[PDB]
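A.B. asks: What follows is a structure written as structure tokens; I'll ask about it next.
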Amino acid sequence: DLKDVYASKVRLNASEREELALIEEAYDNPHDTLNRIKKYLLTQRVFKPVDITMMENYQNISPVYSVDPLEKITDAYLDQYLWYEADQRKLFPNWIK
Amino acid sequence: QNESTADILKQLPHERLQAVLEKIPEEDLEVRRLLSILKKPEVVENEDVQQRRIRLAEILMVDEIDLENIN
Amino acid sequence: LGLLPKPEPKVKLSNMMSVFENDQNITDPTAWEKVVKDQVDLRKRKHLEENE
Amino acid sequence: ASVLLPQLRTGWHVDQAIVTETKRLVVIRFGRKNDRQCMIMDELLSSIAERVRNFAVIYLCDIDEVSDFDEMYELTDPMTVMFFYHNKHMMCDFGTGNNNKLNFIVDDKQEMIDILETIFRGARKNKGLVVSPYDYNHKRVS
Amino acid sequence: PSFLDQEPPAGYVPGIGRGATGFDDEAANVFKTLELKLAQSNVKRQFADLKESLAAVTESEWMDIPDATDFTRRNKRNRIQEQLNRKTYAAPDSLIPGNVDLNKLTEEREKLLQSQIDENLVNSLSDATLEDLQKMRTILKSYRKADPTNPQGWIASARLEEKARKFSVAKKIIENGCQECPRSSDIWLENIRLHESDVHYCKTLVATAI
Amino acid sequence: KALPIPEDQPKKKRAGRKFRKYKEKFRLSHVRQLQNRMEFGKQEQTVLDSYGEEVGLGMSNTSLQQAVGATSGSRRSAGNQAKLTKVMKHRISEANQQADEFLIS
Amino acid sequence: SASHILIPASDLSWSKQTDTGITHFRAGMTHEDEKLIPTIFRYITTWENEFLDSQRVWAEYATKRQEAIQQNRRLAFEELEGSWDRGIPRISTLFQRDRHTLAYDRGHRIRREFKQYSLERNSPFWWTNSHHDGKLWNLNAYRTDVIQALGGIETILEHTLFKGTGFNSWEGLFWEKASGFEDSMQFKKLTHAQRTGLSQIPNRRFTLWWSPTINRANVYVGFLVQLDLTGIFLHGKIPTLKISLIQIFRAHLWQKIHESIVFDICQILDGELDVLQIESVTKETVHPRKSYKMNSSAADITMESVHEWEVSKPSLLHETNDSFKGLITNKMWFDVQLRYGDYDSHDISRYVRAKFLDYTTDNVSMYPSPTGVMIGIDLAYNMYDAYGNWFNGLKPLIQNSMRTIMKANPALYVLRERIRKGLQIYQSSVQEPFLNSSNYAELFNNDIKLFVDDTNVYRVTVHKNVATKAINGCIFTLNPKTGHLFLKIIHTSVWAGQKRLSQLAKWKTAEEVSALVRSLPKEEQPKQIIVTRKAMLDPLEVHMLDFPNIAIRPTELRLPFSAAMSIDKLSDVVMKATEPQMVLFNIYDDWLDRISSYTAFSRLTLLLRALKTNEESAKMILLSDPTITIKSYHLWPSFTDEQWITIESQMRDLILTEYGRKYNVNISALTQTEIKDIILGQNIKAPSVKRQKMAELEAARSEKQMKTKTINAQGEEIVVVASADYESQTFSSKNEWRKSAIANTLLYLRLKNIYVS
RNA sequence: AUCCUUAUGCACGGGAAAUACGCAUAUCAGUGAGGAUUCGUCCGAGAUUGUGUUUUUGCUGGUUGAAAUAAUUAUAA
């Protein structure tokens, strides 16, 4: 889901290369990455700032929240996990779309 | 020719130091004594005698003072 | 300024194939082998003569 | 403006200011200096001047005390921008139809730096006319 | 600033100075008189009276002003954003959207996961283009007509055009290849596999095959 | 800070394993060039990503390859492969050290 | 197209240039007969139909699934054909192989639907996923039906200048994408202005491609200016198209094309001579500005006759029933009138007709004879036509003449080539990079790869053509790094088919490579396979579709491996071998231990090049020394190190000896030419006679810093003008005093043999 | 005398990166810069500012439509 954005552009910038580098390191070392993920879920309550570009549709604008790609890994895995467990345990009733 | 190779070479900072290293004698008590009088650190963490001599040269280069000027 | 001789390329067993600056790299293959191996062993032997 | 940008007093300051600089690129402007259109170009050419200092240069020229160069370069206009390199008029190709001078305002600093860079390129390449990277056909064409 | 301070020496009529390139009286007065006869802010004021309230500031207070000191640090942040935007890069070769599959991906890297733990203890591609499939058909026509006796000749083109056409036309050229081949059983096995029937046709396939 | 004077320079040449790696991460690889090449007559092979459909593969895949639709790994350049920055390598080193600390505790 | 678009008969018609003649296919489309750009509405299926369709295909899929469970067989894709594309989701995404992991993916609709706040770039496909759902639209029919909607590919091309690129047909041609060049040059230190103006290239490529229909009198209806030093008329001004056209016509290419074609006709007429009954063929001295001066013209080639000629009425290069009794003329003149046409004026025949009549009849244009042929060529469309008075025997040989010129002309291929450089069009050739002297620098990346040589797979020996017998073949594939040699022994009986021997040798050889690489494990699996000859790249890829990860590189380097059958024992085991046998030789053993693999491959290449160039000598060096012995399992004549040095030096002296003695060139050359001589020479790359003459036409007059008197026509004026540059191309081949007078010396030889009936 | 531990310099070799490496008549900094935490406390070294280069720094090699054959004097009239 994080590489979905980077499969397109042939020319990556610095930040995109940092994120893709993190993701490739996550494929290379899942055990070290997953243990890095569980560590953040149990521990860190203090996080690095979020720089925000504005999504502009000309009808309405804002926001775009750009998170440090390191925390984006933990948020992505946590999201996938919460949706898998939630949809497995039927937390969301059928009427929620 | 203009800007002779000896003038540029002597103007070069390293070789200009190396010419001063040739003017300093190499002895333990005399090399050490010149540092003691010069008030610079007498011995550094770990140095060979030649390296202490190099520190002589460098200190005489930065301070713009020669051996005849010191003593 | 030209007081020192211009340095040659530093060959290795890996840089062996990729150095065309000196001759015979292909033209004289085993002689070239003796040049690169003799040059590497010459830098190593010079190192040992320095430590010694 | 009128702080960083030197204001050329008379036609002798204009002429001499053009002739002195071989290395840099002389950018002269002409405007009533009370007009909104030339005022915007001034307040742009202050920061643009600070950016293009190393190569180009900016000079304020009103038409009040100087009527001389009007008869020469055919200037009436709300405003005009003239370029000179090696004491030679630098012709700049926009989509306006006027290659000699540009009478139109540009709103982008990086853009103005781009066209100064461009006319500097053609200038060093000695070409009389250089093609501006942008068009400015439908923009102003005043 | 030098030429600015030099002042004009009377004047050079600068038009001819650097060689610039150009790329009765009573009557006039009368017609001017004819033209004449026929031709016939607040917040700034607040800035002005505040300018008058300025008068309490002495020149000794003027000589001292806290110049500059930009509190936004847009100089630093401008330098950092610039450093970030200077260069970019080229995307690696793993971003060509072949993607393989999450099967080879997951079952590939989960055995790497188990290895590390034990040490610590058609895809989305567009449809095949007709001209390309024509090149396929010609090439495989050649490799089939080379040796009709080769079973892998009709098997390779069998599966290979079988993916392209997907249909009983390719299945038929496979069958004719089975008519040319028969002494090899492999073409009959792949033949039966590329036919779909429970009994009717496939049992006959087995009959001829044996 | 004023921009540098817009003068063209030969920029010398260089070369070499050292500089071909560092320059290799920047230079478009051969498969990227083949992706930049698109066939005249036939519709080019196009991967539509879940993010967007705009991605073409150009001629990067061989004809036969394009018919089978298995794409390729082809030549895999490890030189232009994405790598971490220094700050990120250090931060991840801290993250893995601390992770092992929690594995011990 | 989302809108209603009608295509007028204005742009429909397409014309084709054939050797049999020029053909024109005209619209004639009125009222009931018309073409329309198809809107998407015809293609996108309505929702209600897609959902009813959906429940139908899911129901039938459930039934077919139940039946498959009944008979205990997995659902087949092609048995599930019919609808593979219908339903929401599509049954395709049930049979996608990642269905397991994607099935472990949930919350994806809200994730991507909610994703706009995480990312920046806007892709409004958020309402679905390609994985979970499918391709919810098939536009592949839109492209085909828009192509068919406009006149076919040929009609699409007529609006372009593709005809001028000079290709017989579109087969392997490819493009360089906008992001292709923009990303290619994007990497460099460049100012933002350099970035924008450097990104202004793609729409210049596009402007040039469609430039014939983009630049048109019917379109612009405005002031018409003629581009400087060229024959193009630019309707309106397109700043990109002007720079592109000047770039293509750089360095007086227009007048080089005119003078080149005229000189071609002269060189042909110097052979036409008495066959056409010519007195003299004289290329006139013409003002250089005449070529691109459209207002007035003059006779390019004056043609003087032995006797009076019978010329017919004005006609076309390809016609029938021409009665030449119409007129009589002593003198003849040819005129080459070049034009760059747009889509409306694309017809060359009508143009050359009307212009011929104009210049011949009226105004300033002067011709020495009232009867002549005006030849003309439309460069954009590469068309050619000749209109004028013809006499017996001329017309067919001028047809073959124009055919040969259009096929190959130096100046015309300079134009076509510069156009190809402008459009970034290139012929396919091979995707993978060739192996030349440059790439040979690294054959060792530590990436294992193989060398494949099929040359010897089919061998027949002949003694004294009295006896022709087949020999057991082989397939020669070696790995330099590991040193191993995989060599297959092909048995003569396999060739009993005796039909399509060349076509069979290649597929059968590729079979061995396939089964071989498949036999190798993942560790020794070669990442590249370099074929010596360029044929096998087509057969191999078929067998390489299995494992895509491995690249096939054809080499321009000519490898000695074809002569690898010259080694004594290696050739002995092949003849002694009977059936096909895959055999592993170790061709690096002694010096695999002593010296590096690259040096090993360079010296082995040396031995095999000397062995290929001279067999008897190279064998004489090996078996010359009695003291040395050839061990059984070593197979090479094991030497000491210095002895290897001397032997390899002598092999070098052998390659240079037989090379310089055969091709008779003294051996000094350079070190680089020495390398390329020992190994490759880039397949011995020599630019041909064409490439030489065209390299002359391309090159500018090196040093920019005679005079001829000419009469020229200004606007409504006639002025004598001094000219310059080159008008000096002259034919005068077999005619006048020079050639016959020089030919007179040989006349004493005609009396050595004297006979009468 | 042999062996071993730390640091430094010298270098053979093997790699990795240069989006990083620096500099400062600048400010502050173990007299605590800068961060973590289980809330008890723990780690202890640079941080701020400005600025140079940074799809690179110094040299080489090959290929190439980038380009680059001396002077002198002899007939019988």
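Positions of Cβ are generated from backbone atoms using ideal geometry, with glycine treated the same way; all protein chains shown enter the neighbour counts. Every number here is computed from the coordinates shown, using simple stated rules; none is lab data.
A.B. asks: Take G:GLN705 and decide whether it is loosely packed, with under 11 Cβ neighbours inside 10 Å and away from chain C (no Cβ under 14 Å). Don't jump to the end; show me each part of the working.
C.D. replies: Details: loosely packed, with under 11 Cβ neighbours inside 10 Å: yes; away from chain C (no Cβ under 14 Å): yes.
Yes: the conditions hold for G:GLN705.
A.B. asks: If you don't mind, there's one more thing I want to ask. If we scan the stretch A:42-50, do we find a residue that is facing chain E (nearest Cβ under 10 Å) and surrounded by fewer than 17 Cβ atoms within 10 Å (Cβ to Cβ)? It would help to see each step written out before you state the result.
C.D. replies: Here is the first cut: in the stretch A:42-50, the residues facing chain E (nearest Cβ under 10 Å) are none.
No, because not a single residue in the stretch A:42-50 is facing chain E (nearest Cβ under 10 Å) and surrounded by fewer than 17 Cβ atoms within 10 Å (Cβ to Cβ).
A.B. asks: While we're on this one: Can you confirm whether the stretch E:112-128 contains a residue that is outside any helix (DSSP H, G or I), loosely packed, with under 14 Cβ neighbours inside 10 Å, hydroxyl-bearing (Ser, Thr, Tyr) and out of contact with any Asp or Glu (no Cβ under 9 Å at 6 or more places or on another chain)?
C.D. replies: Taking every residue of the stretch E:112-128 in turn, none turns out to be outside any helix (DSSP H, G or I), loosely packed, with under 14 Cβ neighbours inside 10 Å, hydroxyl-bearing (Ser, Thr, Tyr) and out of contact with any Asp or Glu (no Cβ under 9 Å at 6 or more places or on another chain).
A.B. asks: If you don't mind, another one. Being among the polar types (S, T, N, Q), surrounded by fewer than 18 Cβ atoms within 10 Å (Cβ to Cβ), more than 8 Å from chain G (Cβ to nearest Cβ) and farther than 22 Å from G:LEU604 by Cα: is that true of C:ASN22 here? Walk me through it before giving the result.
C.D. replies: Values: among the polar types (S, T, N, Q): yes; surrounded by fewer than 18 Cβ atoms within 10 Å (Cβ to Cβ): yes; more than 8 Å from chain G (Cβ to nearest Cβ): yes; farther than 22 Å from G:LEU604 by Cα: no.
It is false that C:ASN22 is among the polar types (S, T, N, Q), surrounded by fewer than 18 Cβ atoms within 10 Å (Cβ to Cβ), more than 8 Å from chain G (Cβ to nearest Cβ) and farther than 22 Å from G:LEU604 by Cα.
A.B. asks: Given the options F:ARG14, F:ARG32, F:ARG20, name the one that is within 12 Å of RNA strand H (Cβ to nearest atom) and under 17 Å from E:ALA91 (Cα atoms).
C.D. replies: The unique qualifying residue is F:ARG20.
A.B. asks: Condition first: away from chain E (no Cβ under 12 Å) and surrounded by 15 or more Cβ atoms within 10 Å (Cβ to Cβ). Can you find one or more residues in the stretch D:62-71 that meet it? Write out each step before concluding.
C.D. replies: The first filter runs over the stretch D:62-71 and keeps only residues away from chain E (no Cβ under 12 Å), leaving D:62-64.
Narrowing the set further to residues that are surrounded by 15 or more Cβ atoms within 10 Å (Cβ to Cβ) leaves D:62-63.
Scanning the stretch D:62-71 turns up at least one residue that is away from chain E (no Cβ under 12 Å) and surrounded by 15 or more Cβ atoms within 10 Å (Cβ to Cβ).
Yes/no matrix, rows are residues, columns are (1) within 13 Å of the chain's Cα centre (by Cα); (2) in a loop (DSSP other than H, G, I, E, B); (3) over 21 Å from F:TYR51 (Cβ atoms):
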{"residue": "A:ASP4", "(1), (2), (3)": "yes, yes, no"}
{"residue": "A:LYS9", "(1), (2), (3)": "no, yes, no"}
{"residue": "A:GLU18", "(1), (2), (3)": "no, no, no"}
{"residue": "A:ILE23", "(1), (2), (3)": "yes, no, no"}
{"residue": "A:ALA26", "(1), (2), (3)": "yes, no, no"}
{"residue": "A:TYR65", "(1), (2), (3)": "yes, no, no"}
{"residue": "A:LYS72", "(1), (2), (3)": "yes, no, no"}
{"residue": "A:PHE92", "(1), (2), (3)": "no, yes, yes"}
{"residue": "A:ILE96", "(1), (2), (3)": "no, yes, yes"}
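A.B. asks: Which number in (1) in a loop (DSSP other than H, G, I, E, B); (2) of a type in the set (S, T, N, Q); (3) more than 7 Å from chain G (Cβ to nearest Cβ); (4) out of contact with any strand residue (DSSP E or B) (no Cβ under 6 Å at 6 or more places or on another chain) marks the one condition that F:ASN61 misses?
C.D. replies: F:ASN61 satisfies all of (1) in a loop (DSSP other than H, G, I, E, B); (2) of a type in the set (S, T, N, Q); (3) more than 7 Å from chain G (Cβ to nearest Cβ); (4) out of contact with any strand residue (DSSP E or B) (no Cβ under 6 Å at 6 or more places or on another chain) except (4).
A.B. asks: Could you figure out which of (1) outside any strand (DSSP E or B); (2) in contact with an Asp or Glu (Cβ under 9 Å, 6 or more places away or on another chain); (3) under 25 Å from G:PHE356 (Cα atoms) isn't true of G:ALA251?
C.D. replies: Of the numbered conditions (1) outside any strand (DSSP E or B); (2) in contact with an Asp or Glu (Cβ under 9 Å, 6 or more places away or on another chain); (3) under 25 Å from G:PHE356 (Cα atoms), the odd one out for G:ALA251 is (3).
A.B. asks: Quick one: is C:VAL36 in a loop (DSSP other than H, G, I, E, B), within 12 Å of chain G (Cβ to nearest Cβ) and within 9 Å of the chain's Cα centre (by Cα)? Explain how you work it out, then say what you get.
C.D. replies: On the way: in a loop (DSSP other than H, G, I, E, B): no; within 12 Å of chain G (Cβ to nearest Cβ): yes; within 9 Å of the chain's Cα centre (by Cα): yes.
When the stated conditions are applied, C:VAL36 does not pass them.
A.B. asks: Now for a different question. With the condition being away from chain F (no Cβ under 14 Å), I'd like the strands (runs of 3 or more DSSP E) fully within the stretch G:481-592 carrying at least 1 qualifying residues.
C.D. replies: Working: elements: G:484-490, G:528-531, G:551-554, G:581-586.
Of the strands (runs of 3 or more DSSP E) lying wholly inside the stretch G:481-592, those with at least 1 residues that are away from chain F (no Cβ under 14 Å) span G:484-490, G:528-531, G:581-586.
A.B. asks: OK, next. Pull out all pairs, ordered by first then second residue, where Cβ-Cβ is under 6 Å, the residues are six or more apart or on different chains, the first lies in the stretch E:72-90 and is closer than 23 Å to G:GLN186 by Cα, and the second is assigned to a loop (DSSP other than H, G, I, E, B) and near RNA strand H (Cβ under 7 Å from one of its atoms).
C.D. replies: Listed pairs, sorted by first residue: E:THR88/A:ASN13.
A.B. asks: When the residues of the stretch A:2-45 are filtered to those that are under 24 Å from E:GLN81 (Cα atoms) and among the β-branched types (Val, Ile, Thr), which remaining residue is nearest to RNA strand H (Cβ to nearest atom)?
C.D. replies: Among those residues, the one meeting the criterion is A:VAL10.
A.B. asks: If you take the residues of the stretch G:428-445 that are assigned to a loop (DSSP other than H, G, I, E, B) and within 16 Å of RNA strand H (Cβ to nearest atom), which of them is surrounded by the fewest Cβ atoms within 10 Å (Cβ to Cβ)? Before the answer, list the steps.
C.D. replies: First, pick out the residues of the stretch G:428-445 that are assigned to a loop (DSSP other than H, G, I, E, B): G:428-434, G:436-438, G:442-445.
Next cut, within 16 Å of RNA strand H (Cβ to nearest atom) only: G:433-434, G:436-438, G:442, G:444-445.
Numbers: G:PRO433: 14, G:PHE434: 17, G:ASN436: 18, G:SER437: 17, G:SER438: 10, G:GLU442: 14, G:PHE444: 18, G:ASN445: 12.
Filtering first and then ranking leaves G:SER438.
A.B. asks: On to the next question. From the set of residues in the stretch E:72-100 that are in contact with a helix residue (DSSP H, G or I) (Cβ under 9 Å, 6 or more places away or on another chain) and of a type in the set (D, E, K, R), which is surrounded by the most Cβ atoms within 10 Å (Cβ to Cβ)? Outline the logic, then answer.
C.D. replies: Pass one, the stretch E:72-100, residues in contact with a helix residue (DSSP H, G or I) (Cβ under 9 Å, 6 or more places away or on another chain): E:83-96, E:99-100.
Going one step further and asking which of them are of a type in the set (D, E, K, R), we end up with E:86-87, E:93.
On the way: E:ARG86: 10, E:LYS87: 12, E:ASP93: 20.
In this case the residue turns out to be E:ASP93.
Per-residue answers, yes or no, for (1) among the basic types (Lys, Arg); (2) away from RNA strand H (no atom under 11 Å from the Cβ); (3) assigned to a loop (DSSP other than H, G, I, E, B); (4) under 18 Å from A:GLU25 (Cβ atoms):
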| residue | (1), (2), (3), (4) |
| --- | --- |
| F:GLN43 | no, yes, yes, no |
| F:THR46 | no, yes, no, no |
| F:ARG76 | yes, yes, yes, yes |
| F:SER93 | no, yes, no, yes |
| F:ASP100 | no, yes, no, yes |
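A.B. asks: Oh, and also: Restricted to the stretch G:126-175, and to residues that are of a type in the set (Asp, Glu) and assigned to a loop (DSSP other than H, G, I, E, B), which residue is farthest from G:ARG42 (Cα to Cα)?
C.D. replies: Residues of the stretch G:126-175 that are of a type in the set (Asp, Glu), as a first pass: G:133, G:145, G:154, G:158, G:171.
Remaining after also requiring assigned to a loop (DSSP other than H, G, I, E, B): G:133, G:171.
Numbers: G:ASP133: 22, G:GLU171: 31 Å.
The extreme case among them is G:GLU171.
A.B. asks: Give me the pairs, please: first residue somewhere in the stretch G:688-707 and assigned to a loop (DSSP other than H, G, I, E, B), second residue anywhere and not polar (S, T, N, Q), beta-carbon distance under 7 Å, and either six or more positions apart or on two chains.
C.D. replies: G:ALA700/G:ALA251; G:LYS707/G:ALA722; G:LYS707/G:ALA724
A.B. asks: Enumerate the helices (runs of 4 or more DSSP H) found wholly within chain B, keeping only those where 1 or more residues are within 14 Å of another protein chain (Cβ to nearest Cβ) and either in contact with a strand residue (DSSP E or B) (Cβ under 7 Å, 6 or more places away or on another chain) or over 22 Å from C:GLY2 (Cβ atoms) (or both).
C.D. replies: Output list is empty.
A.B. asks: Kindly evaluate E:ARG183 against the criterion of being basic (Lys, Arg) and buried (at least 19 other Cβ atoms within 10 Å of the Cβ). Before the answer, list the steps.
C.D. replies: On the way: basic (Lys, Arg): yes; buried (at least 19 other Cβ atoms within 10 Å of the Cβ): no.
For E:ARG183, the condition - basic (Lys, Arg) and buried (at least 19 other Cβ atoms within 10 Å of the Cβ) - is not met.
A.B. asks: In addition: Of the residues that sit in the stretch G:176-201 and are of a type in the set (S, T, N, Q), away from RNA strand H (no atom under 12 Å from the Cβ) and part of a helix (DSSP H, G or I), which one is farthest from the chain's Cα centre (by Cα)? Before you say what the answer is, go through the steps one by one.
C.D. replies: Residues of the stretch G:176-201 that are of a type in the set (S, T, N, Q), as a first pass: G:179, G:184, G:186, G:191, G:194, G:196, G:199-200.
Remaining after also requiring away from RNA strand H (no atom under 12 Å from the Cβ): G:179, G:196, G:199-200.
Going one step further and asking which of them are part of a helix (DSSP H, G or I), we end up with G:179, G:196.
Values: G:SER179: 23, G:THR196: 32 Å.
Ranking the candidates gives G:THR196 first.
A.B. asks: Applying the selection to the stretch F:1-19, what residues are of a type outside the set (A, V, I, L, M, F, W, C) and surrounded by 15 or more Cβ atoms within 10 Å (Cβ to Cβ)? Lay out the reasoning, then the answer.
C.D. replies: If we filter the stretch F:1-19 for residues that are of a type outside the set (A, V, I, L, M, F, W, C), which is where we start, we get F:1, F:4, F:6-14, F:16-18.
Within the stretch F:1-19, F:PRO6 is the sole residue that qualifies.
A.B. asks: Have a look at E:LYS166, E:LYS172, E:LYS135 and point out the one that is in contact with an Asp or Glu (Cβ under 6 Å, 6 or more places away or on another chain) and charged (D, E, K, R).
C.D. replies: Values: E:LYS172 fails: in contact with an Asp or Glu (Cβ under 6 Å, 6 or more places away or on another chain); E:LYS135 fails: in contact with an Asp or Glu (Cβ under 6 Å, 6 or more places away or on another chain).
Unique residue meeting the criteria: E:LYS166.
A.B. asks: C:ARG45 fails exactly one of the following numbered conditions: (1) surrounded by fewer than 11 Cβ atoms within 10 Å (Cβ to Cβ); (2) over 30 Å from G:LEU654 (Cβ atoms); (3) within 10 Å of RNA strand H (Cβ to nearest atom); (4) more than 9 Å from the chain's Cα centre (by Cα). What is the number of that condition?
C.D. replies: Every listed condition holds for C:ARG45 apart from (1).
A.B. asks: Counting just the residues of the stretch G:688-701 that are more than 8 Å from RNA strand H (Cβ to nearest atom) and among the hydrophobic types (A, V, I, L, M, F, W, C), which one comes out nearest to the other protein chains (Cβ to nearest Cβ)?
C.D. replies: Checking each candidate, the answer is G:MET694.
A.B. asks: Another question, if that's okay. Might you check whether a residue that is of a type in the set (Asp, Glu), within 14 Å of chain D (Cβ to nearest Cβ) and more than 16 Å from RNA strand H (Cβ to nearest atom) occurs anywhere in the stretch E:81-90?
C.D. replies: Among the residues of the stretch E:81-90, not one is of a type in the set (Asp, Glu), within 14 Å of chain D (Cβ to nearest Cβ) and more than 16 Å from RNA strand H (Cβ to nearest atom), which makes the answer no.
A.B. asks: Within the stretch G:651-687, how many residues turn out to be within 14 Å of chain C (Cβ to nearest Cβ) and outside any helix (DSSP H, G or I)?
C.D. replies: Residues in the stretch G:651-687 being within 14 Å of chain C (Cβ to nearest Cβ) and outside any helix (DSSP H, G or I): 7 in total.
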